[PDB]
């Protein structure tokens, strides 16, 4: 397992930490949403949570990443939820296909289910 500290930024001013595919994946529109493995695991820094979003270059090439929330204390594998929009898309292993953005976790008095 690899932790989020292993992710890299494109540039010092990049908001997102890039996430790569651990497998070669081919997606077609009729497949619908697929969960792609990253080999990167939570949890996140104290008092933060995450959002998974598409990289703009990847979105423009027709692979939609559905926004995902990563809880502060999630310790499982971060997966990228993705769909080929209207053409066949091919994801080569190790290609950066999404990004993790970190956001402050606001506390409230809402109850637990």
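Numbering follows the first chain given and starts at 1.
When 84-92 is weighed against 68-76, 84-92 comes out higher, by mean CA B-factor as recorded in the entry. Residue 37 sits in the highest third of its chain by CA B factor, as recorded in the PDB entry. Placement of the Cα temperature factor of residue 19 within the chain: middle third of the modelled residues, per the deposited record. Among the modelled residues of its chain, residue 4 has a C-alpha B-factor that falls in the lowest third according to the deposited record.
The PDB entry assigns residue 50 a C-alpha temperature factor belonging to the lowest third of its chain's modelled residues.
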